[PDB]
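Summary of the model geometry
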Amino acid sequence: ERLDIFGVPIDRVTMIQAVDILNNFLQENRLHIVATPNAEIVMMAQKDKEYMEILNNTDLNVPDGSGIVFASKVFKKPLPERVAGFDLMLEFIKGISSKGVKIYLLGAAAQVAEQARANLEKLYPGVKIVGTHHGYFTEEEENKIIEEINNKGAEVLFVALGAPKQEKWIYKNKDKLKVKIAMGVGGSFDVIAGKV
Ligand SMILES: CC(=O)N[C@@H]1[C@@H](OP(=O)(O)OP(=O)(O)OC[C@H]2O[C@@H](n3ccc(=O)[nH]c3=O)[C@H](O)[C@@H]2O)O[C@H](CO)[C@@H](O)[C@@H]1O
């Protein structure tokens with residue numbers, strides 16, 4: 001089902017299979033960790049002993065970018081299509097925004113996460129974004145944020161802290177968090193807020 005690229009499992013999925021897998025994940029009552037690796041993450045994975053351990057315990061590693069698909073041309077069944085990890089995030093919010101699935105946005109510089117919430121509520125109307133918080137907090141604050149994420153009954157956590165911080169922060173709190181999908185989506189808040 002998956003492809004071993006220099007230690008990093010990449011699931012052989014299309015945009016639509018990846019959106020379908022993620023929809024079935026919301027139906028299973030456990031934390032799923034989704035990551036979107038590109039060639040640059042796989043190179044990071046070689047120097048970072050811990051990051052590699054993490055990329056092998058995620059529930060879904062979705063191939064981000066055209067470069068990593070190119071590398072797959074060495075394998076027997078190469079990766080089927082160009083998936084952009086940002087497109088995956090947006091096509092995903094399109095589908096759940098009618099069904100009222102609660103989304104929390106943790107990350108980005110001060111007031112950036114709040115602006116991305118606004119533009120999403122327009123593009124995908126009726127989307128339930130239950131909370132946000134900037135990506136610069138303390139160990140004291142972390143407990144407060146996680147408490148909010150859990151108590152507001154968020155099913156989807158979009159962590160925008162960049163690689164590999166986002167994938168590492170999720171894995172540490174993989175037992176504290178009570179959401180169904182926690183997906184590192186680094187820097188896509190900056191894009192949606194129009195800052196970048
Ligand atoms: C799609 C994806 O996985 N992209 C990654 C990329 O993301 P990026 O383009 O955003 O690059 P950064 O320079 O790391 O950006 C930092 C972002 O995280 C926020 N942040 C950071 C630190 C913090 O303590 N709190 C925060 O909130 C900040 O506001 C901003 O949104 O980074 C890697 C290296 O470049 C890439 O290899 C990798 O593909």
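Residues numbered from 1 in each chain as written, not as in the entry; some residues may be left out. Heavy atoms only, no water. Residues with missing side-chain atoms left out of burial classes, pairs and counts.

Structure determination for this entry, per the PDB record, employed X-ray crystallography and reached 3.3000 Å resolution.

Under the heading Sequence similarities (unreviewed entry), UniProt records this for the protein: "Belongs to the glycosyltransferase 26 family. TagA/TarA subfamily." In the Function (unreviewed entry) part of its UniProt record, the protein is described as follows: "Catalyzes the conversion of GlcNAc-PP-undecaprenol into ManNAc-GlcNAc-PP-undecaprenol, the first committed lipid intermediate in the de novo synthesis of teichoic acid." (UniProt positions renumbered as here; feature names shortened; annotations may be inferred.)

1. Some thoughts on the pattern of salt bridges
This structure, assessed with the given rule, holds ten salt bridges. Residues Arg 30 and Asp 59 are paired through a salt bridge, measuring 3.7 Å at the closest nitrogen-oxygen approach. On the criterion of sequence distance, the pair formed by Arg 30 in the loop between α1 (15-25) and β3 (32-35) and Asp 59 in the loop between α3 (49-55) and β4 (60-61) is long-range, its members being 29 residues apart. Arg 30 sits in the partly exposed class, given a relative accessible area of 44%. (Salt bridge = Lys/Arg side-chain N within 4 Å of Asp/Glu carboxyl O. Helix = DSSP H or I, 4+ residues; strand = E, 2+ residues; numbered from the N terminus. Buried < 20%, exposed > 50% of the residue type's maximum accessible area, 1.4 Å probe, protein only.)

2. Here we look at the packing of aromatic side chains
Counted by the stated rule, this structure contains one aromatic pair. Seen in terms of ring centroids, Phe 137 and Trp 169 are 6.2 Å apart; in terms of plane orientation they differ by 80°. Their pairing is edge-to-face. Within this pair, whereas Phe 137 is found in the loop between β6 (129-133) and α7 (139-151), its partner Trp 169 is found in helix α8 (residues 165-172), the two being separated by 32 residues in sequence. Classification of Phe 137 as buried rests on a relative accessible area of 19%. On the accessibility criterion, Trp 169 (8% relative accessible area) is buried. The residue whose ring lies beneath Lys 174 is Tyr 171, and the NZ or CZ to ring-centre distance is 5.8 Å. (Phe/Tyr/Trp six-rings, centres within 6.5 Å; stacked < 30°, edge-to-face > 60°. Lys NZ or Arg CZ within 6 Å of the ring centre and 35° of its normal.)

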